[PDB]
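Student: PDB entry and its sequence, pasted below:
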Amino acid sequence: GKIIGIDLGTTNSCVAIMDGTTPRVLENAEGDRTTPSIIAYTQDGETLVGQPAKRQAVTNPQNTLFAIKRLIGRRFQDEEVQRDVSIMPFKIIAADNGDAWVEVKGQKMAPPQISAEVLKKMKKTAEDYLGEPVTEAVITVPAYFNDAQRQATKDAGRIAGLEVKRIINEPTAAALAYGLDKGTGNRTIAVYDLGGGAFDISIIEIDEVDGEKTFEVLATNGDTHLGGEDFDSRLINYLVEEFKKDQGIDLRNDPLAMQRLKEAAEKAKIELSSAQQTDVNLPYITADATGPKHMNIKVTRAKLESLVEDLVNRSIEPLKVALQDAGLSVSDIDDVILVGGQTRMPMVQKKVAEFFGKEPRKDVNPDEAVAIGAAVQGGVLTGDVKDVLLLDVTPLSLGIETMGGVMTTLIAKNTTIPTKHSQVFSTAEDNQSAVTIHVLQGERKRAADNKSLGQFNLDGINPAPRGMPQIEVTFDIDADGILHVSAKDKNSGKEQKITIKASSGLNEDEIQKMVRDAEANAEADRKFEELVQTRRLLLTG
Ligand SMILES: Nc1ncnc2c1ncn2[C@@H]1O[C@H](COP(=O)(O)OP(=O)(O)OP(=O)(O)O)[C@@H](O)[C@H]1O
């Protein structure tokens, strides 16, 4: 019946539910509206997840798993994983198919089984609160996720025993919370998503027409080098040099010290959004030949702002990129929303306040906003929320190059994504051995008039006197907005395919110039295609 929304965070998870008209964030078993995303394997053969798993990490670096959201769906030879292999204290291994897996206590295990454990805790958190079993779910993912990662997010839920009703991306989920507030229609909003694992900026339009509120993403892009875990690194490296300057010991090579130090580094970081000072007292952190060593160093707040200013500045070019892709001016941008626990630090809000010239909205809970919005999607699916429409549509038509230099339209503008449709084409020459599929986007009928987005060949077409082999062309734009083009020659069984990425933005000012141009040029476009018909649509070499 009801469909729950889950914030799958790198660092914390959060559960919320629609209680009629107003959303409620549900507490986990400790009473916390957020649960750390950490998994631990104890000597006694049981697996800890959440706040219990976080606590035993300092003595169990190999069998305490955290930051598993950085491992799901990727190949081992990726640079950051090699970057990740060196810094992480637990064991990273390759799966038989080349996937990135982990191995704990001699058991080779994939991340989705591990992440499924948190959902079961979230599931049990929901089951204890509701007193009944729960099985239908909408799950969130980052906006920069590719084709392989989202499907893997669906599968992980199934290993946790869930039917995944919807995948939605995380910057979109947090915004649903904001739109419950009054006065949110007909505005342009920016979703700046800075988590533990990455930077994300999304541009979203909130429109309301004829009693229906519609939401459309105008731009998105991401940068995985600007996430909250990269900030913690910017402290682990420095802290060793101050002790080394005073007493000559390099801690980078001591994981047990590194395990307490990250915990000391992580918990204190929360404090500096509210606080101005504190003293780190971690007795017996290590020792050398002359006996025990003790940490006691006083340090305030300014130095950190000096240390991480470049990360904020390197996130700006992705912000600058987002506005061009959406085609908007600052004067079209109506509101600022903070999501994520790290925005409670004052300089980021000021750096944002200087940039936007207005204070970010203070009514969005940074630890809970993502979870609250995902719960709304469940109410839409059950009918609990009325007069709301998820808008995800194509700005321009998509197609392939055909006979005579003609574009044949396969997908008309403003069709909802995901989508798939089929059409039959044939061969142009006797005994034709090859075809070129030139993937094209635009509103003009001449193929030579569109932008090259890529092109591909399909071979193995059986020889025939022209037009007999039957080559079926499929374009698939999946729920991530990514276009999958596939081809199978039905008489032989062969299959080849390509993938075409989702756009980072939708530039309507330039698009609207092209559309008005197209209305003015309608008659010029017909005669060319009809005289190509004059000279089943055909594909060139
Ligand atoms: N009070 C606080 N002050 C400063 N930083 C905080 C606070 N609470 C949490 N953080 C930081 O915010 C980050 C987690 O934010 P959030 O839970 O929204 O991320 P996520 O959804 O887990 O990440 P991603 O979107 O990349 O998957 C962590 O770096 C954590 O250290």
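Tutor: Thanks, I have the structure now. Numbering: from 1, shown residues only.
Student: Quick check, the residue in the stretch 401-541 of the chain closest to the ligand?
Tutor: residue 480 (16.0 Å; CB to the nearest ligand atom). Where C-beta positions appear, they are placed from N, C-alpha and C, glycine not excepted.
Student: how would you label that residue: helix, strand or coil?
Tutor: State at residue 480, reduced to three classes by DSSP: H, G, I helix; E, B strand; the rest coil: coil.
Student: got the contact list for it?
Tutor: 145-147, 150, 169, 502 (CB atoms under 8 Å, 6 or more residues apart in numbering).
Student: which of these are close to the ligand?
Tutor: Residues of the contacts of residue 480 in contact with the ligand (CB under 6 Å from any ligand atom): none.
Student: And these, which of them are buried?
Tutor: Among the contacts of residue 480, the ones that count as buried by 16 or more other CB atoms under 10 Å are 145, 147, 150, 169, 502.
Student: quick one, what contacts the first one?
Tutor: With CB under 8 Å, 6+ apart as the criterion, the residues that contact residue 145 are 153, 169, 480.
Student: how about a cut-off of 7 Å?
Tutor: Contact partners of residue 145, counting by CB atoms under 7 Å, 6 or more residues apart in numbering, are 169, 480.
Student: What's the separation between it and residue 321?
Tutor: Distance, residue 145 to residue 321, using CB to CB, to the nearest Å: 18 Å.
Student: In three-state terms, label the closest residue to residue 4 other than its chain neighbours for me.
Tutor: Leaving aside its chain neighbours, residue 4 sits nearest to residue 137 (5.2 Å; criterion: CB to CB, 6 or more residues apart in numbering). Counting by three-state DSSP, the backbone at residue 137 sits in strand.
Student: how many other residues sit next to residue 137?
Tutor: Residues lying near residue 137 (other CB atoms under 10 Å) number 25.
Student: Is it bridged to anything, and to what?
Tutor: residue 4, residue 164 (DSSP bridges).
Student: Make sure it is actually in contact with residue 8.
Tutor: No - using CB atoms under 7 Å, residue 137 is not in contact with residue 8; the gap is 10.5 Å.
Student: Double-check that residue 100 belongs to a strand.
Tutor: Yes - under three-state DSSP, residue 100 falls within a strand.
Student: dump the residue contacts of it.
Tutor: Residues in contact with residue 100, defined by CB under 7 Å, 6+ apart, are 71, 74-76, 81, 92.
Student: now with 10 Å?
Tutor: 70-78, 81, 84-85, 92-94, 110-111 (CB atoms under 10 Å, 6 or more residues apart in numbering).
Student: Please apply the same query to residue 39.
Tutor: With contacts defined as CB under 10 Å, 6+ apart, residue 39 is in contact with 47-50, 52-54, 57, 63-66, 68, 102, 104, 111, 113-115, 117-118.
Student: ok now do residue 505, which residues does it touch?
Tutor: By CB under 10 Å, 6+ apart, the contact set of residue 505 is 202-203, 217-221, 321-328, 395.
Student: from the residues you listed, which ones fall inside helices?
Tutor: Counted as lying in helices by DSSP state H, out of the contacts of residue 505, are 321-326.
Student: From the ligand, how far off is the residue most central in space within the chain?
Tutor: Nearest to the geometric centre of the chain sits residue 142, at 1.5 Å (CA atoms, centre = their mean). Relative to the ligand, residue 142 is positioned 6 Å away (criterion: CB to the nearest ligand atom, to the nearest Å).
Student: ok, that residue touching residue 197?
Tutor: Yes - in this structure, residue 142 is within contact of residue 197 by CB atoms under 10 Å, at 7.7 Å.
Student: Quickly list what's touching both of those two.
Tutor: Joint contacts of residue 142 and residue 197 (CB under 10 Å, 6+ apart) are 10, 69, 222, 224.
Student: Secondary structure class of the first one, three-state.
Tutor: Right, the one you point to is residue 10. coil.
Student: now it: how far from residue 160?
Tutor: Taken as CB to CB, the span from residue 10 to residue 160 is 18 Å.
Student: what do you get for the last one?
Tutor: Look at residue 224 and residue 160: by CB to CB, they are 25 Å apart.
Student: Comparing those two, which residue is more hemmed in?
Tutor: A count of neighbours by other CB under 10 Å puts residue 160 above the other of residue 224 and residue 160, at 22 against 14.
Student: show me the contacts for the more buried one.
Tutor: Residues near residue 160 by CB under 10 Å, 6+ apart: 6, 112-113, 115-123, 137, 139.
Student: Which PyMOL command selects the buried ones in these?
Tutor: Only the buried entries of these go into this PyMOL selection, using 16+ other CB under 10 Å:
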select buried, resi 6+112+115+116+117+118+119+121+122+123+137+139
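Student: now, among the contacts of residue 160, which is nearest to residue 348?
Tutor: Lowest distance from residue 348 to the contacts of residue 160 (CB to CB) belongs to residue 6, with 26.3 Å.
Student: which one is the closest one nearest to, not counting chain neighbours?
Tutor: Going by CB to CB, 6+ apart, residue 6 has residue 139 as its nearest residue, at 5.2 Å.
Student: so who does the residue in the chain sticking out farthest from the centre touch?
Tutor: Using CA atoms, centre = their mean, the residue of the chain lying farthest from its centre is residue 290. It sits 50.5 Å away. Residues near residue 290 by CB under 10 Å, 6+ apart: none.
Student: Any figure for the gap between it and the ligand?
Tutor: Applying CB to the nearest ligand atom, the value for residue 290 to the ligand is 36 Å.
Student: Setting the sequence-adjacent residues aside, check what's closest to the residue of the stretch 1-150 of the chain found nearest the ligand.
Tutor: Nearest to the ligand, among the residues of the stretch 1-150 of the chain, is residue 9, at 2.5 Å (CB to the nearest ligand atom). Of all residues not flanking residue 9 in the chain, residue 37 sits nearest, at 5.9 Å (CB to CB, 6+ apart).
Student: rewinding a little: need the ones in helices among the contacts of residue 505 in CSV with neighbour count and distance to residue 442, can you?
Tutor: Shown next, in CSV, are those (neighbours: other CB atoms under 10 Å; distance: CB to CB, whole Å):
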residue, neighbour count, distance to residue 442
321, 16, 22
322, 23, 23
323, 20, 23
324, 14, 19
325, 18, 17
326, 26, 19
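Student: quick one: which of these is nearest to the ligand?
Tutor: In terms of CB to the nearest ligand atom, no member of the ones in helices among the contacts of residue 505 lies closer to the ligand than residue 322, at 16.4 Å.
Student: wait, what's in contact with the closest one?
Tutor: Residue 322 sits next to 190-192, 200-203, 218-221, 328, 504-505 when contact means CB under 10 Å, 6+ apart.
Student: count of residues packed around the residue nearest to residue 9?
Tutor: Neighbour tally, residue 37, other CB under 10 Å: 25.
Student: With residue 206 instead?
Tutor: When neighbours are defined as other CB under 10 Å, residue 206 has 20 of them.
Student: how about the helices of the stretch 401-541 of the chain, start to end?
Tutor: 508-520, 522-534 (DSSP state H, counting those that start in this stretch).
Student: Dump the helix or strand where residue 263 lies to PDB, keeping only the CA atoms.
Tutor: Assigned by DSSP states H and E, residue 263 falls within helix 255-271. Only the C-alpha atoms of helix 255-271 are listed here, as PDB (Å, rounded to 0.1, in the frame of the first residue of the first chain):
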ATOM      1  CA  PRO A 255      45.900   3.000  11.500                       C
ATOM      2  CA  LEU A 256      44.900   2.500  15.200                       C
ATOM      3  CA  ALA A 257      46.000   6.100  15.900                       C
ATOM      4  CA  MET A 258      44.400   7.000  12.600                       C
ATOM      5  CA  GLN A 259      41.100   5.300  13.700                       C
ATOM      6  CA  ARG A 260      40.700   7.300  17.000                       C
ATOM      7  CA  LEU A 261      42.100  10.400  15.200                       C
ATOM      8  CA  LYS A 262      39.400  10.400  12.400                       C
ATOM      9  CA  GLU A 263      36.800   9.900  15.200                       C
ATOM     10  CA  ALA A 264      38.300  12.800  17.000                       C
ATOM     11  CA  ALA A 265      38.400  14.700  13.700                       C
ATOM     12  CA  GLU A 266      34.800  13.800  12.700                       C
ATOM     13  CA  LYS A 267      33.000  14.600  16.000                       C
ATOM     14  CA  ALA A 268      34.800  17.900  16.600                       C
ATOM     15  CA  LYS A 269      34.000  19.100  13.000                       C
ATOM     16  CA  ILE A 270      30.200  19.100  14.000                       C
ATOM     17  CA  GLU A 271      31.100  21.300  17.000                       C
END
